[PDB]
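A.B. asks: Take a look at this one; I'll ask things after.
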Amino acid sequence: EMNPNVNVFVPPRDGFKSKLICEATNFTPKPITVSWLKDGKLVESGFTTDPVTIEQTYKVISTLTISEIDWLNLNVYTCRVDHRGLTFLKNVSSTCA
Amino acid sequence: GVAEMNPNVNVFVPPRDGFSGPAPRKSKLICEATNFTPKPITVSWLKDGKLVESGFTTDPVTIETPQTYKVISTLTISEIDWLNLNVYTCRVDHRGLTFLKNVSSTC
Amino acid sequence: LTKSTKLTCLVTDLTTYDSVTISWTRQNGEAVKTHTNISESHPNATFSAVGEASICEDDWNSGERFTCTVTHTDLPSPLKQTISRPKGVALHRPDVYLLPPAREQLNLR
């Protein structure tokens with residue numbers, strides 16, 4: 001039982017819509033749930049989860065569709081990872097915005 | 001054994017607070033091509049004009065009406081190199097055509 | 001005169017980019033109706049945007065605080081512009097005076 005690492009990628013500073021990728025690695029067992037948050041509100045659509053692959057460790061990647069204008073408007077995006085009864089929340093924002 | 005489209009190049013970079021772990025901290029870079037055909041594609045990483053031959057892993061091409069495919073590649077980078085304003089370029093070769101994308105930490 | 005009591009905030013000298021939206025927020029944070037008729041760029045390589053909103057006559061005279069927020073890629077922090085009618089000012093009757101041209105000006109014809 002190892003806590004999964006939470007990392008969120010951001011679009012380049014000098015420009016690219018775009019996508020948000022949240023990756024959980026070095027976790028066990030294989031089943032895991034990944035969701036997305038927008039300014040503290042639950043996201044009901046616009047997100048997809050790729051099948052879990054084997055890197056024993058596993059890797060899971062999630063994709064969230066966002067717009068160019070909303071990303072730089074200082075909106076708060078949080079990737080929620082639930083594993084073994086533990087919840088991890090990571091807040092990210094644009095460095096130049 | 002219908003259409004051919006030029007590949008699209010997208011580069012993902014970590015945020016300002018995307019570095020963790022024991023010093024020196026390390027992160028990852030993601031270069032993905034979507035809605036490209038035919039399937040074959042070459043992914044290479046360039047750092048200040050120097051080809052990167054280690055520390056990279058490219059996922060196998062998987063299927064996402066013209067047929068479409070997607071490819072995901074991951075390159076490990078160091079925090080010190082990022083702070084030195086180094087420019088990372090993703091090299092895409094497709095049917096003899098080369099597409100380059102340049103990213104940097106400068107605003 | 002025209003029953004068009006709308007207020008707008010204009011941005012100039014900014015980069016000619018797209019995906020710009022101007023939303024008006026009151027003192028309670030509630031949102032208002034959107035706007036249309038988005039302008040285009042200028043030959044001087046300067047973008048122009050206008051944010052239109054509809055308010056009531058009584059609301060303006062009540063001294064409510066209205067804030068216009070700018071959402072631009074270059075600016076990292078959205079600036080806040082406050083527009084409100086200053087209450088507590090007295091009303092005076094304007095005096096209109098007409099000054100005819102002097103006799104020293106009607107010489108060059």
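Labels for the structure tokens follow display order: chains A, B, ..., residues from 1 in each chain, ligands from 1.
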Residues of chain C classed as strand (DSSP E or B) by DSSP on the backbone are to be reported as a ChimeraX atom specification.
C.D. replies: /C:6,10-11,23-25,31,49-50,54,66-69,80-83
A.B. asks: For those residues, write N, CA, C and O atoms to a file as a short mmCIF file (atom, residue, chain, number, x, y, z; two decimals), in the first residue's frame.
C.D. replies:
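Saved the output as result04.cif:
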data_model
loop_
_atom_site.label_atom_id
_atom_site.label_comp_id
_atom_site.auth_asym_id
_atom_site.auth_seq_id
_atom_site.Cartn_x
_atom_site.Cartn_y
_atom_site.Cartn_z
N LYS C 6 -26.58 52.34 -20.21
CA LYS C 6 -25.62 51.24 -20.15
C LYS C 6 -24.23 51.78 -19.84
O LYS C 6 -23.90 52.92 -20.17
N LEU C 10 -13.62 49.97 -21.54
CA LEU C 10 -12.86 49.79 -22.77
C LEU C 10 -11.40 49.51 -22.44
O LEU C 10 -10.84 50.10 -21.51
N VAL C 11 -10.79 48.61 -23.21
CA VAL C 11 -9.39 48.25 -23.06
C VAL C 11 -8.66 48.62 -24.34
O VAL C 11 -9.14 48.34 -25.45
N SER C 23 -17.25 40.48 -18.10
CA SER C 23 -18.40 40.21 -17.25
C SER C 23 -18.48 41.26 -16.16
O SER C 23 -17.47 41.59 -15.53
N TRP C 24 -19.69 41.77 -15.92
CA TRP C 24 -19.93 42.77 -14.89
C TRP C 24 -20.43 42.08 -13.63
O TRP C 24 -21.35 41.26 -13.68
N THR C 25 -19.82 42.42 -12.49
CA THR C 25 -20.19 41.87 -11.20
C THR C 25 -20.56 42.99 -10.25
O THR C 25 -19.88 44.02 -10.19
N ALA C 31 -24.00 37.70 -11.13
CA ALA C 31 -23.70 37.95 -12.53
C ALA C 31 -24.86 38.68 -13.21
O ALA C 31 -25.98 38.71 -12.70
N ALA C 49 -11.98 46.00 -27.16
CA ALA C 49 -13.08 45.20 -26.63
C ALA C 49 -14.00 46.09 -25.80
O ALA C 49 -13.54 47.03 -25.14
N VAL C 50 -15.29 45.78 -25.83
CA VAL C 50 -16.30 46.53 -25.10
C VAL C 50 -17.21 45.54 -24.37
O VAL C 50 -17.66 44.55 -24.96
N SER C 54 -26.84 45.86 -18.94
CA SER C 54 -28.08 46.60 -18.76
C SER C 54 -28.38 46.71 -17.27
O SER C 54 -28.47 45.69 -16.58
N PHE C 66 -20.48 48.78 -8.80
CA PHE C 66 -20.33 47.94 -9.98
C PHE C 66 -18.86 47.83 -10.34
O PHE C 66 -18.14 48.84 -10.34
N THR C 67 -18.41 46.62 -10.64
CA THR C 67 -17.00 46.35 -10.93
C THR C 67 -16.88 45.64 -12.26
O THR C 67 -17.58 44.65 -12.51
N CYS C 68 -15.99 46.14 -13.12
CA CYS C 68 -15.68 45.51 -14.39
C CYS C 68 -14.31 44.84 -14.30
O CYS C 68 -13.32 45.48 -13.94
N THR C 69 -14.27 43.55 -14.62
CA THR C 69 -13.05 42.75 -14.54
C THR C 69 -12.54 42.45 -15.95
O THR C 69 -13.33 42.07 -16.82
N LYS C 80 -9.49 45.47 -11.46
CA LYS C 80 -10.86 45.80 -11.06
C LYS C 80 -11.09 47.29 -11.24
O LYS C 80 -10.33 48.11 -10.71
N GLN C 81 -12.14 47.64 -11.98
CA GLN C 81 -12.53 49.03 -12.21
C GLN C 81 -13.89 49.26 -11.58
O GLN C 81 -14.86 48.58 -11.93
N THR C 82 -13.97 50.22 -10.66
CA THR C 82 -15.20 50.52 -9.94
C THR C 82 -15.86 51.75 -10.54
O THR C 82 -15.23 52.79 -10.68
N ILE C 83 -17.14 51.61 -10.89
CA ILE C 83 -17.94 52.71 -11.43
C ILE C 83 -19.19 52.85 -10.58
O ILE C 83 -19.95 51.89 -10.42
#
A.B. asks: Would you kindly report the residues of chain C within 12 Å of chain B, using only C-alpha atoms, as a count of residues only?
C.D. replies: 4
A.B. asks: Name all residues at most 10 Å from residue A:56 (count only C-alpha atoms; drop same-chain ones fewer than 5 positions away) and give them as a list in words.
C.D. replies: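 Near residue A:56, the qualifying residues are residues 26, 27, 28, 29 and 30 of chain A.
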A.B. asks: Measuring atom to atom with only C-alpha atoms, identify which of C:19, C:5, C:61, C:37 is nearest to chain A.
C.D. replies: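 Smallest distance to chain A is found for C:19.
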A.B. asks: What's around residue C:21 at 8 Å? Count only C-alpha atoms, leave out sequence neighbours fewer than 5 positions away in its own chain, and write the answer as a list in words.
C.D. replies: residues 51, 70 and 71 of chain C
A.B. asks: So the first atom is atom CA of residue B:79 and the second is atom CA of residue A:33; what is the distance between them in Å, to one decimal place?
C.D. replies: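 Between atom CA of residue B:79 and atom CA of residue A:33 the gap works out to 29.4 Å.
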A.B. asks: As a PyMOL selection string, please: every residue in chain B that DSSP puts in alpha helix (DSSP H).
C.D. replies: chain B and resi 79-83
A.B. asks: Store the residues picked out above in a file with N, CA, C and O atoms, as a compact mmCIF listing (two decimals), in the first residue's frame.
C.D. replies:
# COMPACT_ATOMS: atom_id res chain seq x y z
N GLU B 79 14.84 20.02 -12.44
CA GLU B 79 14.43 21.37 -12.07
C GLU B 79 15.50 22.39 -12.42
O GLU B 79 15.19 23.51 -12.86
N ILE B 80 16.78 22.04 -12.22
CA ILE B 80 17.87 22.97 -12.49
C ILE B 80 17.90 23.36 -13.96
O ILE B 80 18.07 24.54 -14.30
N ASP B 81 17.72 22.38 -14.85
CA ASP B 81 17.72 22.68 -16.28
C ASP B 81 16.55 23.59 -16.65
O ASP B 81 16.70 24.49 -17.49
N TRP B 82 15.39 23.38 -16.04
CA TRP B 82 14.23 24.22 -16.33
C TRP B 82 14.48 25.66 -15.89
O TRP B 82 14.09 26.60 -16.59
N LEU B 83 15.12 25.85 -14.74
CA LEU B 83 15.37 27.20 -14.23
C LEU B 83 16.40 27.95 -15.06
O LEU B 83 16.47 29.18 -14.96
A.B. asks: For chain A against chain B, which residues fall within 9 Å using only C-alpha atoms, given as a list in words?
C.D. replies: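 Contact residues on the first chain: residues 7, 8, 9, 10, 11, 12, 13, 14, 15, 16, 18, 19, 20, 21, 92, 93, 94, 95 and 96 of chain A.
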A.B. asks: Those same residues, written as a PDB file, in the first residue's frame with N, CA, C and O atoms?
C.D. replies:
ATOM      1  N   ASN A   7       0.182  14.624  -9.872  1.00  0.00           N
ATOM      2  CA  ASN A   7       0.832  15.657 -10.664  1.00  0.00           C
ATOM      3  C   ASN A   7      -0.122  16.123 -11.753  1.00  0.00           C
ATOM      4  O   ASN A   7      -0.776  15.306 -12.407  1.00  0.00           O
ATOM      5  N   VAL A   8      -0.195  17.438 -11.942  1.00  0.00           N
ATOM      6  CA  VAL A   8      -1.065  18.052 -12.939  1.00  0.00           C
ATOM      7  C   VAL A   8      -0.204  18.873 -13.887  1.00  0.00           C
ATOM      8  O   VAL A   8       0.629  19.671 -13.441  1.00  0.00           O
ATOM      9  N   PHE A   9      -0.404  18.678 -15.185  1.00  0.00           N
ATOM     10  CA  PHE A   9       0.342  19.385 -16.214  1.00  0.00           C
ATOM     11  C   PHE A   9      -0.445  20.596 -16.699  1.00  0.00           C
ATOM     12  O   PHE A   9      -1.678  20.603 -16.694  1.00  0.00           O
ATOM     13  N   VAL A  10       0.283  21.622 -17.119  1.00  0.00           N
ATOM     14  CA  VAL A  10      -0.318  22.894 -17.511  1.00  0.00           C
ATOM     15  C   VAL A  10       0.147  23.217 -18.924  1.00  0.00           C
ATOM     16  O   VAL A  10       1.206  22.744 -19.372  1.00  0.00           O
ATOM     17  N   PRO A  11      -0.627  24.009 -19.662  1.00  0.00           N
ATOM     18  CA  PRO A  11      -0.218  24.404 -21.017  1.00  0.00           C
ATOM     19  C   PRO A  11       1.029  25.268 -20.982  1.00  0.00           C
ATOM     20  O   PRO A  11       1.357  25.860 -19.942  1.00  0.00           O
ATOM     21  N   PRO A  12       1.756  25.360 -22.096  1.00  0.00           N
ATOM     22  CA  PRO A  12       2.987  26.159 -22.112  1.00  0.00           C
ATOM     23  C   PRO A  12       2.710  27.635 -21.860  1.00  0.00           C
ATOM     24  O   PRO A  12       1.622  28.145 -22.138  1.00  0.00           O
ATOM     25  N   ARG A  13       3.722  28.316 -21.318  1.00  0.00           N
ATOM     26  CA  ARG A  13       3.580  29.730 -20.985  1.00  0.00           C
ATOM     27  C   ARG A  13       3.337  30.578 -22.227  1.00  0.00           C
ATOM     28  O   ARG A  13       2.591  31.563 -22.180  1.00  0.00           O
ATOM     29  N   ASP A  14       3.957  30.211 -23.352  1.00  0.00           N
ATOM     30  CA  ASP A  14       3.888  30.997 -24.578  1.00  0.00           C
ATOM     31  C   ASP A  14       2.780  30.532 -25.517  1.00  0.00           C
ATOM     32  O   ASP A  14       2.914  30.664 -26.741  1.00  0.00           O
ATOM     33  N   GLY A  15       1.691  29.994 -24.979  1.00  0.00           N
ATOM     34  CA  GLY A  15       0.569  29.554 -25.786  1.00  0.00           C
ATOM     35  C   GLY A  15       0.563  28.052 -25.991  1.00  0.00           C
ATOM     36  O   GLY A  15       1.461  27.318 -25.566  1.00  0.00           O
ATOM     37  N   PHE A  16      -0.487  27.596 -26.666  1.00  0.00           N
ATOM     38  CA  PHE A  16      -0.671  26.172 -26.926  1.00  0.00           C
ATOM     39  C   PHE A  16       0.274  25.690 -28.022  1.00  0.00           C
ATOM     40  O   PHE A  16      -0.134  25.509 -29.170  1.00  0.00           O
ATOM     41  N   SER A  18      -6.993  23.326 -24.961  1.00  0.00           N
ATOM     42  CA  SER A  18      -5.923  22.490 -24.434  1.00  0.00           C
ATOM     43  C   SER A  18      -6.549  21.394 -23.579  1.00  0.00           C
ATOM     44  O   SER A  18      -7.775  21.279 -23.478  1.00  0.00           O
ATOM     45  N   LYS A  19      -5.698  20.580 -22.957  1.00  0.00           N
ATOM     46  CA  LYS A  19      -6.146  19.474 -22.126  1.00  0.00           C
ATOM     47  C   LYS A  19      -5.329  19.439 -20.843  1.00  0.00           C
ATOM     48  O   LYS A  19      -4.180  19.889 -20.809  1.00  0.00           O
ATOM     49  N   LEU A  20      -5.935  18.902 -19.789  1.00  0.00           N
ATOM     50  CA  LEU A  20      -5.284  18.739 -18.496  1.00  0.00           C
ATOM     51  C   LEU A  20      -5.061  17.257 -18.233  1.00  0.00           C
ATOM     52  O   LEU A  20      -5.984  16.450 -18.382  1.00  0.00           O
ATOM     53  N   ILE A  21      -3.839  16.903 -17.842  1.00  0.00           N
ATOM     54  CA  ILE A  21      -3.451  15.517 -17.611  1.00  0.00           C
ATOM     55  C   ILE A  21      -3.056  15.368 -16.149  1.00  0.00           C
ATOM     56  O   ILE A  21      -2.132  16.044 -15.677  1.00  0.00           O
ATOM     57  N   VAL A  92      -3.422  23.715  -8.835  1.00  0.00           N
ATOM     58  CA  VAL A  92      -2.452  24.246  -9.782  1.00  0.00           C
ATOM     59  C   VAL A  92      -3.030  25.497 -10.431  1.00  0.00           C
ATOM     60  O   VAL A  92      -4.243  25.716 -10.448  1.00  0.00           O
ATOM     61  N   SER A  93      -2.135  26.322 -10.968  1.00  0.00           N
ATOM     62  CA  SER A  93      -2.531  27.552 -11.638  1.00  0.00           C
ATOM     63  C   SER A  93      -1.439  27.948 -12.619  1.00  0.00           C
ATOM     64  O   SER A  93      -0.303  27.473 -12.537  1.00  0.00           O
ATOM     65  N   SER A  94      -1.802  28.824 -13.552  1.00  0.00           N
ATOM     66  CA  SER A  94      -0.849  29.293 -14.548  1.00  0.00           C
ATOM     67  C   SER A  94       0.184  30.209 -13.901  1.00  0.00           C
ATOM     68  O   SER A  94      -0.164  31.111 -13.132  1.00  0.00           O
ATOM     69  N   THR A  95       1.460  29.970 -14.212  1.00  0.00           N
ATOM     70  CA  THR A  95       2.527  30.784 -13.639  1.00  0.00           C
ATOM     71  C   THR A  95       2.475  32.212 -14.170  1.00  0.00           C
ATOM     72  O   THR A  95       2.603  33.176 -13.405  1.00  0.00           O
ATOM     73  N   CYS A  96       2.284  32.368 -15.480  1.00  0.00           N
ATOM     74  CA  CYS A  96       2.226  33.690 -16.091  1.00  0.00           C
ATOM     75  C   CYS A  96       0.868  34.361 -15.936  1.00  0.00           C
ATOM     76  O   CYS A  96       0.742  35.545 -16.266  1.00  0.00           O
TER      77      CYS A  96
END
A.B. asks: What's around residue A:76 at 7 Å? Count only C-alpha atoms, leave out sequence neighbours fewer than 3 positions away in its own chain, and write the answer as a VMD selection string.
C.D. replies: chain A and resid 38 to 39 91 93
A.B. asks: Output N, CA and C atoms of each residue in that selection to a file, as a compact mmCIF listing (two decimals), in the first residue's frame.
C.D. replies:
# COMPACT_ATOMS: atom_id res chain seq x y z
N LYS A 38 -13.52 21.99 -10.58
CA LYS A 38 -13.43 23.30 -11.21
C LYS A 38 -13.95 24.34 -10.22
N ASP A 39 -13.04 25.11 -9.63
CA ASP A 39 -13.38 26.15 -8.66
C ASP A 39 -14.20 25.59 -7.50
N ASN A 91 -3.79 21.61 -6.08
CA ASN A 91 -4.23 22.84 -6.72
C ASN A 91 -3.10 23.39 -7.58
N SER A 93 -2.13 26.32 -10.97
CA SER A 93 -2.53 27.55 -11.64
C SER A 93 -1.44 27.95 -12.62
A.B. asks: Quick one: pull the distance between atom CA of residue A:81 and atom CA of residue A:63, Å, one decimal.
C.D. replies: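 Those two atoms sit 13.7 Å apart.
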A.B. asks: Listing only residues of chain A within 7 Å of chain C, what is the closest atom pair and its distance in Å (to one decimal) for each, using only C-alpha atoms, sorted by chain and residue number ascending, as a Markdown table?
C.D. replies:
| residue | atom | partner | partner_atom | distance |
| --- | --- | --- | --- | --- |
| A:69 | CA | C:19 | CA | 5.5 |
| A:72 | CA | C:73 | CA | 6.4 |
| A:73 | CA | C:71 | CA | 6.1 |
| A:96 | CA | C:76 | CA | 5.9 |
| A:97 | CA | C:76 | CA | 3.8 |
A.B. asks: Just the selected residues (N, CA and C atoms), exported as a PDB file, in the first residue's frame, please.
C.D. replies:
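That gives us selection25.pdb:
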ATOM      1  N   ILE A  69      -9.694  30.642 -22.693  1.00  0.00           N
ATOM      2  CA  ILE A  69     -10.014  31.833 -21.911  1.00  0.00           C
ATOM      3  C   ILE A  69     -10.154  31.491 -20.432  1.00  0.00           C
ATOM      4  N   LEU A  72      -6.731  30.929 -18.182  1.00  0.00           N
ATOM      5  CA  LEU A  72      -5.963  32.090 -17.756  1.00  0.00           C
ATOM      6  C   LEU A  72      -6.764  33.051 -16.886  1.00  0.00           C
ATOM      7  N   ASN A  73      -8.042  32.767 -16.639  1.00  0.00           N
ATOM      8  CA  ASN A  73      -8.874  33.586 -15.766  1.00  0.00           C
ATOM      9  C   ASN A  73      -8.718  33.230 -14.291  1.00  0.00           C
ATOM     10  N   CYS A  96       2.284  32.368 -15.480  1.00  0.00           N
ATOM     11  CA  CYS A  96       2.226  33.690 -16.091  1.00  0.00           C
ATOM     12  C   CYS A  96       0.868  34.361 -15.936  1.00  0.00           C
ATOM     13  N   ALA A  97      -0.140  33.644 -15.451  1.00  0.00           N
ATOM     14  CA  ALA A  97      -1.469  34.215 -15.274  1.00  0.00           C
ATOM     15  C   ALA A  97      -1.970  34.001 -13.849  1.00  0.00           C
TER      16      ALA A  97
END
A.B. asks: Please measure the separation of atom CA of residue B:89 and atom CA of residue B:69, giving the value in Å to one decimal.
C.D. replies: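 Separation of atom CA of residue B:89 and atom CA of residue B:69: 21.6 Å.
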A.B. asks: Please identify all polymer residues within 8 Å of residue A:17, counting only C-alpha atoms, omitting same-chain residues fewer than 2 positions from it, and present them as a list in words.
C.D. replies: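 Once the nearby chain positions are removed, what remains is residues 19, 65, 66, 67 and 68 of chain A.
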A.B. asks: What's around residue B:100 at 7 Å? Count only C-alpha atoms, leave out sequence neighbours fewer than 6 positions away in its own chain, and write the answer as a list in words.
C.D. replies: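 Result of the neighbour search: residues 89, 90, 91 and 92 of chain B.
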